[PDB]
């Protein structure tokens, strides 16, 4: 009984993290490029002229960083992964006026993410 329950837990967490990897690859996949490209790389605040970005956004996040964190064994559960993805979107909505096209793009990518995440075991 104890070994079986222990194995069930290991299997579940592993399946959940494999789903996370599939979702990250889906968001980085090329079918979503039209609205995902602003989230591929960290914001270069100097090139973009955004001297206040780090004052507003205390914990910047982007898909490239999440990928390096996942490749470096840093997510021990799917819920920490999901929190980093949602942070990326939350930062976009906090910094930008809702009428900016980048916010529309975030909403489209977030819908993709949430639809796939809602299917996590």
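Positions refer to the first chain, counted from 1. Here, rigid core means the biggest group of C-alpha atoms that superpose within 1.5 Å across both forms.
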Worksheet item: After a core fit, does 69 to 77 or 82 to 90 show the bigger CA gap to the shown form in 4 other deposited structures of this protein?
Response: 69 to 77
Worksheet item: Quick one: with the core lined up, is it 42 to 50 or 56 to 64 that wanders further in 4 other deposited structures of this protein, going by C-alpha RMS?
Response: 42 to 50
Discussion item. Tell me which stretch, 4 to 12 or 112 to 120, has the higher mean Cα B-factor listed in the entry.
Written reply: 4 to 12
Worksheet entry | 87 to 95 versus 41 to 49 - which carries the larger mean C-alpha B factor in the record | 41 to 49
Discussion item. Based on the deposited C-alpha B factors for this chain, I'd like to know if residue 75 is in the lowest, middle or highest third.
Written reply: highest
Discussion item. Please say which third, lowest, middle or highest, residue 100 falls into when its CA temperature factor is compared across its chain.
Written reply: highest
Worksheet item: Against its chain's modelled residues, does residue 57's Cα B factor rank lowest, middle or highest third?
Response: middle
Worksheet item: Can you tell me which third, lowest, middle or highest, the CA B-factor of residue 107 falls into for its chain?
Response: lowest
